[PDB]
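So the structure is just underneath, and the comments pick up after that.
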Amino acid sequence: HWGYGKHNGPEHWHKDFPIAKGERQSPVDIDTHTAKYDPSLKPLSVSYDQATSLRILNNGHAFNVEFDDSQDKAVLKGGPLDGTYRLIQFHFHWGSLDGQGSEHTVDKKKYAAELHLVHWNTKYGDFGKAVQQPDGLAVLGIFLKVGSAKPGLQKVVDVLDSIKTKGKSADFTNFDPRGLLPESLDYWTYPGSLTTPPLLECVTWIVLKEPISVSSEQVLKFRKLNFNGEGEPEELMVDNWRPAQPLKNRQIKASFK
Ligand SMILES: [Zn+2]
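Counted the way the authors' numbering counts, the sequence shown spans residues 4 to 125, 127 to 261.
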């Protein structure tokens, strides 16, 4: 039932998913002046050299690029994390206009889009078990701004024509996610949730300070995707973002001063 329209969007989610009103929901606004530098944070380690991508899917809500998580090939360690977290998929949230689209906000500023690299804790054995745990996932969030083109994103935009409508998938091998990262690994971190149903409170969020830049032509191709299935009235896949949720009893920590 759920989606991003007037009759099924974020303000309706709580009827099927009561945790939508919970104590550690995501996204949030990051107030930069209230966030605390934490000297206890250890350095962040992104090890993506052996990543194995498999394919790309339009699921009616976004598109997902899916990875082989049957071994430690692409992992996230360090920072706030205890242990090893395996890369399972990435996806994006974006807007109808360049001034909206991100899920997290920085001093109330919305970016054009947000990339989520989703990782699960190998102590739990599989992704479905990990989402039932408070420390089961680590999501690396990266903001996108419209300016220069991102060469490492072009291969993704090149394949979107083949997955226009809900339920379509395609082969997507040999894509290197290192090409989606900014120069700096400086970050904010806090405990939160999945940003789509089932909204489970299982995520350690790691949100990079430095946005990546993409071109207008790249973001326009995201906005050509469809929420509907093939043969149905067209509904463009835009504004598939959940707004900021109450911070409640949480503190956001910074890795940098
Ligand atoms: Zn997401």
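Idealized CB from N, CA, C, for every residue including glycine.
**OP:** Would you check whether ligand 1 has a heavy atom nearer than 6 Å to the C-beta of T199?
**Re:** As a first step, residue 199 is located in the sequence shown; it is residue number 195 there, counting from the start. In this structure, ligand 1 has a non-hydrogen atom nearer than 6 Å to the beta-carbon of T199.
Original post:
Of the residues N61, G82, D139, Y51, which one's Cα is nearest the Cα of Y40?
Top reply: Numbered from its first residue, the sequence shown carries residue 40 at position 37. The residue among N61, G82, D139, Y51 with its C-alpha nearest the C-alpha of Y40 is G82.
**OP:** Spatial neighbours of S29 within its chain, please: CB distance less than 6 Å, with the 5 preceding and 5 following residues excluded, ordered by chain position.
**Re:** One-based indexing of the sequence shown puts residue 29 at position 26. Beyond the five residues adjoining it in sequence on each side, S29 comes within less than 6 Å, by CB distance, of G196, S197, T199 in the same chain, given in chain order.
**OP:** State the beta-bridge partners of residue 288 as determined by DSSP.
**Re:** Nothing about residue 288 can be read from this structure; the chain reaches only from 4 to 261.
Subject >> Heavy atom of ligand 1 within 6 Å of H119 beta-carbon >> reply: Position 116 of the sequence shown holds residue 119. Flag set: Cβ of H119 near ligand 1.
Subject >> Distance, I59 Cα to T177 Cα >> reply: For the purposes of this step, residue 177 is taken as residue 173 along the sequence shown, with counting starting at 1. For the purposes of this step, residue 59 is taken as residue 56 along the sequence shown, with counting starting at 1. Cα to Cα, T177 sits roughly 9 Å from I59.
**OP:** Compute the beta-carbon to beta-carbon distance between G140 and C206, rounded to the nearest angstrom, for a pair I have assumed lies under 8 Å.
**Re:** The sequence position of residue 140 within the sequence shown is 136, counting from 1. The sequence position of residue 206 within the sequence shown is 202, counting from 1. Sure, about 4 Å apart at Cβ, within 8 Å.
Subject >> Contact belief for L118 with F95 at Cβ below 8 Å, rounded distance in angstroms >> reply: Working through the sequence shown from its first residue, we reach residue 118 at position 115. Working through the sequence shown from its first residue, we reach residue 95 at position 92. Right, the Cβ-Cβ distance comes to about 5 Å (below 8 Å), so this counts as a contact.
Original post:
Bridge partners of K168, per DSSP?
Top reply: Position 164 of the sequence shown, counting from 1, holds the residue named residue 168. BP columns for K168 are empty, so no partner.
Original post:
Taking contact to mean at least 3 C-beta pairs separated by less than 8 Å, is the segment 167–174 in contact with the segment 229–243?
Top reply: Enough Cβ pairs lie closer than 8 Å, so yes.
**OP:** List the whole-angstrom C-beta distance separating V109 from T35, where the pair is believed to meet the contact cut-off of C-beta under 8 Å.
**Re:** Along the sequence shown, one-based indexing puts residue 109 at 106. Along the sequence shown, one-based indexing puts residue 35 at 32. Going by Cβ atoms, the distance from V109 to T35 rounds to 6 Å, so yes, they are a contact pair.
Original post:
So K149 is in the beta strand (DSSP E); what residue range does that whole segment cover?
Top reply: The residue you call residue 149 lines up with position 145 of the sequence shown. Run containing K149: 141–150, per the beta strand (DSSP E) assignment.
Original post:
Can you tell me where the alpha helix (DSSP H) with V242 in it begins and where it stops?
Top reply: For this step, residue 242 is matched to residue 238 along the sequence shown. First-last for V242: undefined, no H or E at that position.
Original post:
Rounded to the nearest angstrom, how far is the Cβ of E214 from that of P186, given a contact under 8 Å?
Top reply: Here residue 214 refers to the residue found at position 210 when the sequence shown is read from its first residue. Here residue 186 refers to the residue found at position 182 when the sequence shown is read from its first residue. Under the criterion of beta carbons closer than 8 Å, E214 and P186 qualify as touching, at roughly 4 Å.
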